[PDB]
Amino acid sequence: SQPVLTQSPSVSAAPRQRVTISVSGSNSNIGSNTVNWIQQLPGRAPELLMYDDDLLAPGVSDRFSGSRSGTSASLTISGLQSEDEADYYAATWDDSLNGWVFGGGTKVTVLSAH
């Protein structure tokens, strides 16, 4: 009974680098409905990060940006910081199911030299 939206896989990346997370859906969801991005920090509850495709929730760093076109969307993290290490989830409405649908989550791991 898997998540309906398809996100790109979990990724590791170095501090200060950029990462792009992709999600695809279909006409019934992302095709005609805006996307929210949810961030779940380690040991914390999920929180809203971006909403209505490209808007920053209160308190969210301007290093995040979002986009949507056709049946896909993306979240871009610029100047990656260790505090960005988290699970990221796409969410949207689906008119054929008459309910909210979600991606499976993308973990962003931030590299450390130890």
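Note that residue numbering begins at 1 and tracks the sequence as displayed.
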Name the higher of the two by mean Cα B-factor in the PDB entry, 42 to 50 versus 28 to 36.
-> 42 to 50
1 to 9 versus 103 to 111: which one carries the higher mean Cα B factor per the record?
-> 1 to 9
In terms of CA temperature factor as recorded, identify the highest of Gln17, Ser22, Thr92, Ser96.
-> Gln17
Based on the entry's values, in what third of the chain does the Cα temperature factor of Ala86 lie: lowest, middle or highest?
-> middle
Among the chain's modelled residues, which third holds the C-alpha B-factor of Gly59?
-> highest
Give the position of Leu80 by CA B-factor within its chain, expressed as the lowest, middle or highest third.
-> highest
